[PDB]
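**Student:** My structure is below; once you've seen it, I'll send some questions.
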Amino acid sequence: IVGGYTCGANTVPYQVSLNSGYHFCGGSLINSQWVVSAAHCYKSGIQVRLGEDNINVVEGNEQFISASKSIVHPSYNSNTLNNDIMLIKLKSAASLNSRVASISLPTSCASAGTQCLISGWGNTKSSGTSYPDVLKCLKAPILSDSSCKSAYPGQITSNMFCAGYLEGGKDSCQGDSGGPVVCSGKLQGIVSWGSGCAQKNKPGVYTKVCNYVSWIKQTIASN
Ligand SMILES: [Ca+2]
């Protein structure tokens, strides 16, 4: 997160860190046994870390649970990042409490102009590199489809939306991928891609979660 703020410990209780020896992506807990993340975050050997603030210090609210199964979206295209979504099942159910909690799925697609909360442990610099230890937060609006497409000609599909600031300075970044965009208490987005971070006229591009609720629900019901 570039240009955001320090969330505070466990203020984002659905935020997970995906760990393969080191943090490499975010994710969102959607029930006691399932996490949603970005397909481009896929790898084997994932451990899900819940209850994290400082990802380098055991502070007392963590749950570390290995993944039993990963499901990349059937139509994920890594070349175009279309359908950049994946589900991860936990080997055991997380213990849910106020600091570890699931985020509701949308019942409809949110609108341009809605303010959302984006969070992650990604890079905090736009021309440089500094990875934080504690969770960073950004409040940012969904941008119109037309300004999104104008910013990224030939690249924005019906499964993507832009959020952030065309003036630059405030954005998600490398290492935030897979994490949440939450608007009015619903998971509307997954951190997916962008050109650099926090650059003028290059806002963040997010997986449009509302398109995937039927796939998420039926996948969870049968796995
Ligand atoms: Ca920790």
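Scheme for the structure tokens: letters A, B, ... for chains in order shown; per-chain residue numbers from 1; ligand numbers from 1 in order shown.
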Let's see if you can do this: from backbone DSSP, list all alpha helix (DSSP H) residues in region 91-209 of chain A, as a PyMOL selection string.
**Tutor:** chain A and resi 145-151
**Student:** Under the rule of at most 6 Å, produce a per-residue listing of chain A near ligand 1: chain, number, name, the closest pair of atoms, and the distance in Å, as a tab-separated table, using only C-alpha atoms and all ligand atoms.
**Tutor:**
residue	atom	partner	partner_atom_place_in_ligand_line	distance
A:52	CA	ligand 1	1 (Ca)	4.7
A:53	CA	ligand 1	1 (Ca)	5.4
A:54	CA	ligand 1	1 (Ca)	4.4
A:55	CA	ligand 1	1 (Ca)	4.2
A:56	CA	ligand 1	1 (Ca)	5.6
A:57	CA	ligand 1	1 (Ca)	4.4
A:58	CA	ligand 1	1 (Ca)	4.1
A:59	CA	ligand 1	1 (Ca)	5.1
**Student:** Would you mind exporting the chosen residues as an mmCIF file, in the first residue's frame, restricted to N, CA, C and O atoms?
**Tutor:**
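That gives us again.cif:
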data_model
loop_
_atom_site.group_PDB
_atom_site.id
_atom_site.type_symbol
_atom_site.label_atom_id
_atom_site.label_comp_id
_atom_site.auth_asym_id
_atom_site.auth_seq_id
_atom_site.Cartn_x
_atom_site.Cartn_y
_atom_site.Cartn_z
ATOM 1 N N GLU A 52 -3.029 -11.762 11.766
ATOM 2 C CA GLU A 52 -1.733 -11.090 11.686
ATOM 3 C C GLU A 52 -1.849 -9.568 11.747
ATOM 4 O O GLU A 52 -2.745 -8.965 11.143
ATOM 5 N N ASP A 53 -0.909 -8.947 12.463
ATOM 6 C CA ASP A 53 -0.583 -7.545 12.234
ATOM 7 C C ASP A 53 0.873 -7.477 11.780
ATOM 8 O O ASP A 53 1.134 -7.388 10.578
ATOM 9 N N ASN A 54 1.828 -7.539 12.709
ATOM 10 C CA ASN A 54 3.238 -7.612 12.334
ATOM 11 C C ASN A 54 3.521 -9.031 11.861
ATOM 12 O O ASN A 54 3.476 -9.976 12.657
ATOM 13 N N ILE A 55 3.790 -9.190 10.560
ATOM 14 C CA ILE A 55 4.003 -10.526 10.001
ATOM 15 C C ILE A 55 5.364 -11.102 10.354
ATOM 16 O O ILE A 55 5.629 -12.267 10.030
ATOM 17 N N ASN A 56 6.211 -10.345 11.053
ATOM 18 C CA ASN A 56 7.524 -10.811 11.467
ATOM 19 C C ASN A 56 7.632 -11.023 12.974
ATOM 20 O O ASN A 56 8.719 -11.343 13.463
ATOM 21 N N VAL A 57 6.536 -10.866 13.720
ATOM 22 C CA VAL A 57 6.532 -11.014 15.171
ATOM 23 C C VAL A 57 5.285 -11.778 15.579
ATOM 24 O O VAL A 57 4.181 -11.442 15.144
ATOM 25 N N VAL A 58 5.448 -12.796 16.420
ATOM 26 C CA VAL A 58 4.298 -13.494 16.986
ATOM 27 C C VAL A 58 3.733 -12.613 18.097
ATOM 28 O O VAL A 58 4.364 -12.427 19.138
ATOM 29 N N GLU A 59 2.557 -12.037 17.864
ATOM 30 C CA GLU A 59 1.988 -11.079 18.805
ATOM 31 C C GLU A 59 0.842 -11.642 19.629
ATOM 32 O O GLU A 59 0.434 -10.998 20.598
#
**Student:** Hey, what's within 7 Å of residue 108 (chain A) if we count only C-alpha atoms and toss same-chain stuff fewer than 2 positions away? As a ChimeraX atom specification, please?
**Tutor:** /A:106,110,210
**Student:** For the residues selected in the previous step, produce a file with N, CA, C and O atoms as a tab-separated table (two decimals), in the first residue's frame.
**Tutor:**
chain	number	residue	atom	x	y	z
A	106	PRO	N	-20.48	-10.01	-1.83
A	106	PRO	CA	-21.48	-9.04	-2.28
A	106	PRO	C	-22.78	-9.72	-2.68
A	106	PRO	O	-22.79	-10.85	-3.15
A	110	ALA	N	-20.90	-3.28	-6.65
A	110	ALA	CA	-20.86	-1.91	-6.16
A	110	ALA	C	-20.69	-0.93	-7.32
A	110	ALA	O	-20.33	-1.29	-8.44
A	210	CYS	N	-18.11	-9.59	-7.53
A	210	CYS	CA	-19.54	-9.86	-7.66
A	210	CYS	C	-19.85	-10.78	-8.84
A	210	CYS	O	-20.89	-11.45	-8.84
**Student:** Would you pick out the contacts of residue 64 (chain A) at 9 Å or less, using only C-alpha atoms, so that residues sharing its chain but fewer than 3 positions from it are not included, and give the list as a list in words?
**Tutor:** residues 47, 48, 49, 50, 51 and 94 of chain A
**Student:** Write the selection just made, keeping N, CA and C atoms, as a PDB file, in the first residue's frame?
**Tutor:**
ATOM      1  N   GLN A  47       0.760 -21.718   3.359  1.00  0.00           N
ATOM      2  CA  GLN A  47       0.221 -21.631   4.710  1.00  0.00           C
ATOM      3  C   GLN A  47      -0.528 -20.314   4.841  1.00  0.00           C
ATOM      4  N   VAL A  48      -1.749 -20.387   5.337  1.00  0.00           N
ATOM      5  CA  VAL A  48      -2.570 -19.205   5.557  1.00  0.00           C
ATOM      6  C   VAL A  48      -2.311 -18.709   6.971  1.00  0.00           C
ATOM      7  N   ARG A  49      -2.040 -17.415   7.103  1.00  0.00           N
ATOM      8  CA  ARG A  49      -1.795 -16.792   8.402  1.00  0.00           C
ATOM      9  C   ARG A  49      -2.904 -15.797   8.704  1.00  0.00           C
ATOM     10  N   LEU A  50      -3.736 -16.149   9.677  1.00  0.00           N
ATOM     11  CA  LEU A  50      -4.845 -15.332  10.133  1.00  0.00           C
ATOM     12  C   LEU A  50      -4.446 -14.604  11.409  1.00  0.00           C
ATOM     13  N   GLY A  51      -5.174 -13.530  11.709  1.00  0.00           N
ATOM     14  CA  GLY A  51      -4.920 -12.793  12.924  1.00  0.00           C
ATOM     15  C   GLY A  51      -3.620 -12.021  12.935  1.00  0.00           C
ATOM     16  N   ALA A  94     -10.651 -22.335  10.779  1.00  0.00           N
ATOM     17  CA  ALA A  94     -10.180 -21.274  11.652  1.00  0.00           C
ATOM     18  C   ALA A  94     -11.155 -21.079  12.808  1.00  0.00           C
TER      19      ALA A  94
END
**Student:** Residues at most 8 Å from residue 148 (chain A), counting only C-alpha atoms, excluding those fewer than 4 positions away in the same chain, as JSON, numbers by chain?
**Tutor:** {"A": [143, 144, 152, 156, 161, 162, 203]}
**Student:** Counting only C-alpha atoms, which residue out of A:102, A:109, A:13, A:78 sits closest to residue 29 (chain A)?
**Tutor:** A:102
**Student:** Which residue is closest to residue 157 (chain A)? Choose from A:131, A:42, A:121, A:206 and count only C-alpha atoms.
**Tutor:**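 Using only C-alpha atoms, residue 157 (chain A) sits closest to A:206.
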**Student:** Taking only C-alpha atoms into account, name the residue in A:199, A:70, A:188, A:82 that is nearest to residue 125 (chain A).
**Tutor:** A:199
**Student:** I want to know what sits within 7 Å of residue 166 (chain A), based on only C-alpha atoms, with residues of the same chain fewer than 4 positions away left out; could you give that as a PyMOL selection string?
**Tutor:** chain A and resi 200-203
**Student:** Keeping C-alpha atoms, export the residues of the selection given above as a PDB file, in the first residue's frame.
**Tutor:**
ATOM      1  CA  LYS A 200      -0.619   9.324 -12.449  1.00  0.00           C
ATOM      2  CA  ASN A 201      -3.488   7.967 -14.579  1.00  0.00           C
ATOM      3  CA  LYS A 202      -2.580   4.353 -13.686  1.00  0.00           C
ATOM      4  CA  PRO A 203      -4.973   3.373 -10.889  1.00  0.00           C
TER       5      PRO A 203
END
**Student:** For the contact check between region 23-129 of chain A and region 171-177 of chain A, emit one row per residue of region 23-129 of chain A within 7 Å, containing the shortest atom pair and the distance in Å rounded to one decimal, counting only C-alpha atoms, chain then rising number order, as a Markdown table.
**Tutor:**
| residue | atom | partner | partner_atom | distance |
| --- | --- | --- | --- | --- |
| A:24 | CA | A:175 | CA | 5.9 |
| A:25 | CA | A:177 | CA | 5.3 |
| A:26 | CA | A:176 | CA | 5.7 |
| A:38 | CA | A:177 | CA | 6.6 |
| A:120 | CA | A:176 | CA | 4.7 |
| A:121 | CA | A:176 | CA | 5.8 |
| A:122 | CA | A:175 | CA | 3.7 |
| A:123 | CA | A:173 | CA | 5.7 |
